[PDB]
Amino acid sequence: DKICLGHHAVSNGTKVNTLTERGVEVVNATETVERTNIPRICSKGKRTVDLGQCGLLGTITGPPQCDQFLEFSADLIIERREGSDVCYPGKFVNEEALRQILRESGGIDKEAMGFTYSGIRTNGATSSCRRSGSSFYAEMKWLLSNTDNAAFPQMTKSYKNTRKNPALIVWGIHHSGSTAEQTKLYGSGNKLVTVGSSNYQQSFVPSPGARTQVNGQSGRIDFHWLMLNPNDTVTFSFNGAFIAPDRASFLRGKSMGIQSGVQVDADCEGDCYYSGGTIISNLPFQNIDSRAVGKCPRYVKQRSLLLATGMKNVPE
């Protein structure tokens, strides 16, 4: 006698939001904001380098921590908190800029600049850089006066990059802990280290003076860098306090650097990384880490945003 038209319903629908109403119940909804972690670096498919004890900038100068990686090749570069760019205390000028370049470098291929030093000591070392007792950076040369207080003969060096990609040159200025040891290592009188090329144009003067005892030393080493163009030619004029380089660095290809505190995993595949692991999701948004890198869901403040996949629920 009668026929009816109807729609399904449930006893326990889920609440979602609309333009018009808050918490209106629907049949079925799905999550749109991701919160699910993976406490490892999903590295499957990518050639990964875990720097560990080694600081990223240290792969260019080569302290003992980084002997492992003096010429690394990577798709995925991982920095660790215990990493140090240094054995003998010192900073890098424009450190974070250089850090950002190396993260995408793909790795570094080194090449000898071929400097020859006459009339001076060349084999400077320190108890801070330990291999078999005292040593120094593996890529640098601690140019020293031939003996104590002996004058440092004003020298000039040169190096022309002949490759198709530009060359990362890195040198250092040694600041002594006193005027006493400064002359003891480079002779008396003022010192100057000027550096020239096409692009670059600057100069440097050491600053002897007492400091805190960082790693047993009072002195510091100011590491500076520049990018040398194809066909261009660096020029190092100096007469002391100069930490000469032996090798210039070249960028291999393309990579992506992250900073994490969780173990690697060559079994899971990943694309979005952060300090706490990998975010593998199909959802458009995430609420895990705003500083996530790679190809990631968009970071949003909300913990949850539910997209209805069913109709308005009207129970029986």
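From 1 onward, residues are counted along the sequence shown.
Engineer: Mean C-alpha B factor from the entry: is it higher for 193-201 or for 171-179?
Structural biologist: The stretch with the larger average C-alpha B-factor is 193-201.
Engineer: Between 213-221 and 182-190, which has the larger average Cα B-factor in the PDB entry?
Structural biologist: Result: 182-190.
Engineer: Kindly indicate the residue among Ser127, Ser84, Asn94, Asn146 with the greatest C-alpha B-factor in the PDB record.
Structural biologist: Highest C-alpha B-factor among the listed options: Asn146.
Engineer: Looking at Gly253, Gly52, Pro284, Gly277, which has the biggest Cα B factor in the entry?
Structural biologist: Each of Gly253, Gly52, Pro284, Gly277 was compared by C-alpha B-factor; the highest is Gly253.
Engineer: Considering every modelled residue of the chain and its Cα B-factor in the PDB entry, is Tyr159 in the lowest, middle or highest third?
Structural biologist: For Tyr159, the deposited C-alpha B-factor lands in the lowest third.
Engineer: Select lowest, middle or highest to describe the third in which the CA B-factor of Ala138 falls within its chain in this entry.
Structural biologist: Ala138: CA B-factor falls in the middle third of its chain.
Engineer: Would you check the entry's CA temperature factor for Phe238 and let me know if it's in the chain's lowest, middle or highest third?
Structural biologist: CA B-factor rank for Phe238: lowest third.
Engineer: Using the B-factor values recorded in the entry, state whether the Cα atom of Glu34 falls in the lowest, middle or highest third among the modelled residues of its chain.
Structural biologist: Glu34: CA B-factor falls in the lowest third of its chain.
Engineer: Within this chain, which third does the Cα B-factor at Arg22 fall in: lowest, middle or highest?
Structural biologist: It belongs to the highest third of the chain when residues are ordered by C-alpha B-factor.
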